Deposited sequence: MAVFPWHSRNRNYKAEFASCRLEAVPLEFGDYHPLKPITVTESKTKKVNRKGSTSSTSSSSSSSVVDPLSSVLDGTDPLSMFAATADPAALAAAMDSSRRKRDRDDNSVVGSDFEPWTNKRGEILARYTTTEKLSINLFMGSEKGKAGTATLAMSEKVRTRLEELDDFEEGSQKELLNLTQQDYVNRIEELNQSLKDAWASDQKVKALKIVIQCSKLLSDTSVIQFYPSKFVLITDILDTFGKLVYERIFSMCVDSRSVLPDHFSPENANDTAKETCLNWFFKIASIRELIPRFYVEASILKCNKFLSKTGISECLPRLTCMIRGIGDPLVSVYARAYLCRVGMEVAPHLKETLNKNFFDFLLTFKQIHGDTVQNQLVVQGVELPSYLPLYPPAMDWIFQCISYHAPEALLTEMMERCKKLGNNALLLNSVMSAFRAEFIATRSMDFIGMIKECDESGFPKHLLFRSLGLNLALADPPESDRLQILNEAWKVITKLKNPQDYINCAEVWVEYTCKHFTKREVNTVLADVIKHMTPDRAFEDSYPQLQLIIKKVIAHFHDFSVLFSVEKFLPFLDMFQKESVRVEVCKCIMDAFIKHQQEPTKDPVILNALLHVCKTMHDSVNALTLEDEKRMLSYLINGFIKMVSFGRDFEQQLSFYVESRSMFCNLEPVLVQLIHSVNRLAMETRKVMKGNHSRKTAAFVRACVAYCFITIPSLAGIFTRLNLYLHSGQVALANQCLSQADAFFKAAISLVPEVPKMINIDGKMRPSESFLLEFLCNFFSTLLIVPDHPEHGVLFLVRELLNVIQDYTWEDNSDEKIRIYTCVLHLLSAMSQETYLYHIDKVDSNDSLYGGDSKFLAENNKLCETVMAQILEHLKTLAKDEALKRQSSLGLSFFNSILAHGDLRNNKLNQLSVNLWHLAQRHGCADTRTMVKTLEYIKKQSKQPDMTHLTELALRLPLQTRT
């Protein structure tokens, strides 16, 4: 709703080819306005503001015009505020207003209403529209229709549409409380000027092409439709769309409709808009943008059940043909959200095939990592059962798509977070096990001498969260094999080794507990194997106090299963390498342990 948001949008989108020096000049004129007004030179302020608004009547640098509009209108609103608070200083009700301030503001109005040019008059009058409150209870209402009609004198449709944009902006900012509506109709009455020959030869003389000229309208038209349609009734919107249908090359018009109109309203007209976009022409505004806006609206609204599939079909029947991958993905990322939302794993698998096909050639994915990231985030979000998510035959190749290191590790962290936060029971499914093993391998492989400690901590948390979600039921030999394989996989990362050592010891104790002692010969061999594993692993840990503590716990766990000394010898031999309190407690624990050895 606020203009500042759209101000930033237009500024960020229309930085075009100095332009920085030109904006510096605009702000210098604003500063001169402020200083001159501060020195009680009112006429200098008014004249400089006329000088500024005169720059919006010219369109020499056609591409940059919307940002010129934003900046010069900012100075124009500065003038409005200055004069308004000055008259308020001289001075509630318009009748209650003293006659002196009334005289000053009438002088202001007669000063502005004697300018030679139409566009400066319109700008410097709509700027101070607020001041009309003092003259009468109905100054704004009686002055606004005249302002809308005055635009008819502007032929160049770009300037006309942006003047309507500013007028709607001031009407919303000053007297938001129907009259503004006519603006749009008048635009329609002059819409034909957009493709009318005069504008075309103007363009061809300046050195611009229609597909680039038209994209200068979307901001102004979007603001116009947002202002008029705001809380508009269904009948008014129906009439607007009805007029937008017959109006020749309504491509850009439909784009503005889908950008401004509520997605609730655009979704239920999905079939109509699909047909209209089909009827449009590809020479001017590309159809991919229109289908992108339709997808955006669908993301917020669900069309009727009777044709949703068909919509999808038509969408991907055209979206698939898009021959510029950069153009393709920018319209497919929005559609894939609906694909996942409204259709089963087969449809999402097919669209995944399509997107891999489109982005793979010439490594075009290299440039569109952000959108691939967003689509994969959405894909993961839509799926809760990871078994299904890995049943999709084109999940792993998509992951392989991210050949870059940083992005791939980021995606691995994301999927691991999804797993840990949406998995409350350990899994034996070979598919899940394999997929998670692959992703964790590629995630770990990132660490290196330049890796940061907190990065190591977060990755360790991820891999430990995984390894904590792998269980083999009663089977303990296979469970020990899994742990030893995980050790082989996660050698470099140390906390994973710590967790795996704790886990092998806990498994040995569980094997003890699931038989109430008298470990059978097979289990005797198994327990000897696990304790040998723990012995082999411990020396690898880099820490010192942790190494000693784990040696002690390994001694306890080995003593627990009648496997009788080497661990304590190793710990004692390590002692000389070793903070005083930690060592004291370690030796106290060692002495207590030996009390039963």
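Missing from the model, by position in the deposited sequence, are residues 1-114, 132-179, 254-263, 350-351, 739-741, 756-767, 787-963.
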